[PDB]
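Provided herewith is a single structure, encoded as structure tokens, for subsequent inquiry.
Letters A, B, C, D and E mark the chains in the order given here, with residues in each chain numbered from 1 onward.
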Amino acid sequence: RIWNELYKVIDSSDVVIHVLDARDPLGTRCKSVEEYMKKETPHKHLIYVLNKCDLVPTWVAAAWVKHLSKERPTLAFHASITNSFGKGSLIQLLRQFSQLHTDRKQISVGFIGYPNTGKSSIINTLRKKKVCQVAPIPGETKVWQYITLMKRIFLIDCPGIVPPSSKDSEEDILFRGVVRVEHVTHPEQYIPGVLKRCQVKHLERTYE
Amino acid sequence: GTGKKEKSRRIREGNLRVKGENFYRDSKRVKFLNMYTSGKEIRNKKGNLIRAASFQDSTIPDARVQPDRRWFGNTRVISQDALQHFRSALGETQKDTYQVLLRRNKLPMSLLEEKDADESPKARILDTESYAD
Amino acid sequence: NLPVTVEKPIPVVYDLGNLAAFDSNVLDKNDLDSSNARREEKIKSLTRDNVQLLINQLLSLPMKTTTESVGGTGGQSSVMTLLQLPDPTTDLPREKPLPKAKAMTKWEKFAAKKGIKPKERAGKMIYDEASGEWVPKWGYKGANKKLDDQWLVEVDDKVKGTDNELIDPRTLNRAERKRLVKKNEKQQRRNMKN
Amino acid sequence: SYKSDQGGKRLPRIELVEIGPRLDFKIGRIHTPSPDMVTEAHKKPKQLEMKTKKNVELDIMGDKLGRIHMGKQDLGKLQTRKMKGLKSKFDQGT
Amino acid sequence: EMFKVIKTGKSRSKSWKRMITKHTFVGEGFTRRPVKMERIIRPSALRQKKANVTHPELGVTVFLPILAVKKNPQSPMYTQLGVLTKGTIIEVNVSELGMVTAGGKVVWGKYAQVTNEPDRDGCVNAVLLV
């Protein structure tokens, strides 16, 4: 059902925004969907939005933007209805896409990516209103949703997708914020992953 | 309110006008908005079909193809010079990350995608020796 | 082995589309007067230098080659190499004004208002049901004139009680068709007048 | 055209032979056109040329391409989240 | 037969949407219309890009890419919708057939006629018009 929704929004979209997490963008990249888009539908414009940049140091966000710009146009973003970052840049980029496709009478911008990257949060940021439901729990969005940004620009909200793989272990999937933690068996087996991924000083400051 | 009447608005700005056309809607707008209520079949008191539902007509068409020499000629050809130009161009292209594809050109890409390969595919050994042998 | 590098005080401008060169240098009236005996040599030398520069530019222009042979359309065969002349630069007036676009006729305005899209106009052939043949629908041996040659026509009941009862229906249909043609011609002349 | 022997076989030397007719024109009289007639005669049709749209190009392969411009991303105006684990006041073992 | 009524609304009271039940060719650069204005529905599973084209001379069949739908015999409306039914004239890429004109030009586009019902057999079969 989720992948049916994904292919529906891709078939309906002119611009596709792939949303990455600023903490682990390579972890949150959907390379198979990118390759499908570049092979079968080359006329659809795929760009990167690096969300949650407020959770990383500024130089980390700058370096990730620089390295991802060697492949795709990448925009740093912080999604918030009241105090955001990058909203004007995203809006002017969308207006440029509309101007390029000024004979289409409207364009659609579909937001795809991993669960909990903040697709609904970015759409709410662009609309300056809570129009898509947002929750910290993954899978809050289930079906697609059309949002009218301007008269000629539609945004399409899509549920998060996790492409299947064999190298992606359960620990990697859990630490990408994909699964609901209340439904896992033994989280003490994953706590050493937290210890390896976090600084000792940061942990000791957080938990005293 | 003589100035707010439908006639006076037509003066300020015969049989071609449709129902619903007013200060807010013209004829094309009216018919496009009636699309959302269009798809209904109309029947009379006795059950006769006054008008079939849109895109649901039941009349069998007479599907024929007339003889015409336009069917047997070539539709697309390409010269050797154009082929060589596109073959040389495919390889000179430096893709920029900030350029998007607006419209792909229609070309004989099977004739144009010819890259020199350093190795040959393996020979078909079944041509010389079968399983039974 | 004469030199081929002409040196000039003011650099010559070029219009390669018109095969023309323009040098704006100083010319001596005493060296160019009709009294002198070297005036023709002076004119020849000036033209020589300007033509040398122009020919250098023309032979420095990019060239177009082809691999097609003779006997085909195009004119240029494999042995020929052609200079690619740029667009001309000198502004020259046209002989006639630009073709004005004809104003929209009554039919065109009506079709725009009612949103009628233009016809596909695939061809003039239609299938005649009674036979098994495709026939033109108008013109030479067209299907719009088959009633003229039909062997038997039933006289309509509505023609009774009129002075047109004794007239041939084929002749009546020819008259009606000609009246429609003349009505179309009159409408066209009206559009031309407007 | 004669072989130059200094500019190679690609650049020949030019010479001229007059054919005539040689003419000396004295410029007696002039009748000039009006400016509106000049402008009407020097108008251009422009139906022939493809309309040039900004940020749109046609490449060597014949694909229509559009250009987008990101603009300046000033990350110095971004305030990162003031997490508790980044605060010196919650230091342990001092 | 060609269209199927698609009802919308919570109580399924609106019936303006139609779905084409046959196979279609949509062409390059197809993007689905917004669902609020999408009257005619061509489902992606029924879309076609290639056909088994048979050359009457030399007796061979090749899987060729489709270029356009030239004429659907049922209606010009089905022609412009790209309906692929029996008898439809389509344009096919014949680059791999190695055809050359008398003037030397390489032929890479010709006409073919669909000879099967793709909605019945899952594939488009066509005969080249030579």
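The working rule: a residue touches a chain if its C-beta (ideal position, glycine included) is under 8 Å from a C-beta of that chain, and two chains touch if they have at least 3 such contacts.
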item: If a chain touches chain B and chain C alike, it appears here; value: D, E
item: Most centrally placed chain, judged by C-alpha centres; value: B
item: Best-connected chain pair, where connection means C-beta pairs in contact; value: B-E
item: Approximate Å spacing (C-alpha centroids) for the pair chain A, chain E; value: 36
item: Separation of chain A from chain D, taking each centre as the mean of its C-alpha atoms, in whole Å; value: 39
item: Of all residues in chain B, the ones touching two or more other chains; value: 64, 79-80, 98, 100-104
item: Where chain D touches two or more other chains, by residue; value: 56, 66, 68-70
item: Shared-contact residues (touching 2 or more other chains) in chain E; value: 28-29, 71, 104
item: Every chain pair meeting the contact rule; value: A-B, A-D, A-E, B-C, B-D, B-E, C-D, C-E
item: Parts of chain C lying in touch with chain D, wherever the complex brings them together; value: 1-5, 34, 40, 44, 47-48, 51-52, 55-56, 59, 91, 93-94, 97-98
item: In the complex with chain E, residue positions of chain A that touch it; value: 7-8, 11-14, 43-44, 106, 108, 146, 154
item: Contact set on chain D toward chain C in their complex; value: 1-2, 4-7, 10-16, 18, 22, 24, 33, 38, 40-43, 45
item: Touching residues (chain side chain B, partner chain A) in the complex; value: 97-98, 100-104
item: Chain C contact footprint on chain E (complex, rising order); value: 71, 76, 103-104
